[PDB]
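>>> no sequence on this one, just coordinates:
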Ligand SMILES: *SCCNC(=O)c1ccccc1
Ligand SMILES: [Zn+2]
């Protein structure tokens with residue numbers, strides 16, 4: 001794909017091939033905590049990951065995806081703003097070249113060192129590619145990363161990056177438990193938005209957790225050793241793969257707390 005994160009193919013250029021980039025419900029956005037409103041109508045959030053079945057980790061040239069078996073209801077997200085059930089298909093991260101940047105969402109303009117996206121699709125639509133064509137097709141659980149204490153549940157991921165350094169490399173990644181990536185609190189903000197990479201489809205109910213997880217400097221440093229390029233090509237570090245905040249336009253961010 002032509003698009004990327006650089007001066008010549010980055011976020012400011014995406015609109016020429018994906019005009020929806022200048023659309024009415026684009027992501028990420030800045031979350032202004034003073035204007036987000038508590039919504040008592042929100043039902044309790046349900047993150048049911050006990051039977052999660054991970055498969056593989058892939059360096060796709062832009063980030064790395066950990067993929068799950070979504071053939072059945074094994075890891076699902078329910079409740080909150082959501083109706084019906086949403087199946088986990090993959091997670092990935094966005095991160096920075098420095099600790100003061102890397103997240104996509106911001107909180108009162110605050111940028112975190114990274115941001116985890118747990119991507120889920122609405123089972124009523126039967127497969128992922130159909131769901132992304134629906135305004136309520138996806139639900140993405142967003143979790144901020146700050147640098148501090150190591151996150152033990154992340155270390156298996158960090159441990160395998162060595163084996164997928166370059167674009168197109170994949171590795172077995174079975175028996176990984178995403179519950180180890182969750183903070184204590186499931187207090188969130190929610191708004192309707194989009195994929196944050198091309199094709200930028202406006203199909204996501206965003207659920208962004210208030211509580212960040214802490215990871216260590218050594219953990220984040222290993223993220224930054226990945227490569228955008230393919231094997232045997234000149235090295236370009238995989239850093240700053242985040243889209244900046246987009247205009248909120250006619251949307252309201254709701255708080256669960
Ligand atoms: S989403 C990132 C897409 N790939 C690149 O922008 C790139 C730049 C330089 C070397 C390899 C790949
Ligand atoms: Zn993402």
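Received, thanks. Residues are numbered from 1 along each chain as shown. Ligands and ions are numbered 1, 2, ... in the order given.

>>> closest point of the stretch 51-200 of the chain to ligand 1, which residue?
residue 62 (3.0 Å; CB to the nearest ligand atom). The way it works is simple: take the backbone N, C-alpha and C, and place the C-beta from them, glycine included.

>>> wait, that residue sits on residue 228?
Yes - counting by CB atoms under 8 Å, residue 228 is a contact partner of residue 62 at 7.2 Å.

>>> now do the contacts for the closest residue to residue 214 other than its chain neighbours.
Using CB to CB, 6 or more residues apart in numbering and skipping residues adjacent in sequence, the residue nearest residue 214 is residue 148, 3.6 Å away. Residue 148 makes contact with 214-216, according to CB atoms under 8 Å, 6 or more residues apart in numbering.

>>> quick revisit: which neighbours do residue 62 and residue 228 have in common?
4, 238.

>>> how about the residues of the stretch 1-150 of the chain by ligand 1?
Neighbours of ligand 1 within the stretch 1-150 of the chain, by CB under 6 Å from any ligand atom: 4-6, 61-62.

>>> which of those residues count as buried?
4-5, 61-62 (16 or more other CB atoms under 10 Å).

>>> name the nearest residue to the most centrally placed residue in the chain, sequence neighbours excluded.
Nearest residue to the geometric centre of the chain (CA atoms, centre = their mean): residue 117, 2.0 Å. Nearest non-adjacent residue to residue 117, counting by CB to CB, 6+ apart: residue 140, 5.2 Å away.

>>> can you pull the contacts of the one you found?
Counting by CB under 8 Å, 6+ apart, residue 140 makes contact with 117-120, 204-207.

>>> can we see that at 7 Å?
Residues in contact with residue 140 (CB atoms under 7 Å, 6 or more residues apart in numbering) are 117-119, 204, 206-207.

>>> quick check: bridge partners of residue 145?
residue 114, residue 213 (DSSP bridges).

>>> for residue 169, see how far away it is.
23 Å (CB to CB, to the nearest Å).

>>> next one: the residue nearest to residue 10 when sequence neighbours are not counted from residue 75, what distance?
Closest residue to residue 10 apart from its sequence neighbours, by CB to CB, 6+ apart: residue 4 at 6.4 Å. As judged by CB to CB, residue 4 and residue 75 stand 30 Å apart.

>>> wait, is residue 89 part of a strand?
Yes - membership of residue 89 in a strand is supported by DSSP: H, G, I helix; E, B strand; the rest coil.

>>> doesn't residue 129 make contact with it?
No - under the criterion of CB atoms under 7 Å, residue 89 lies out of contact with residue 129, with a separation of 10.7 Å.
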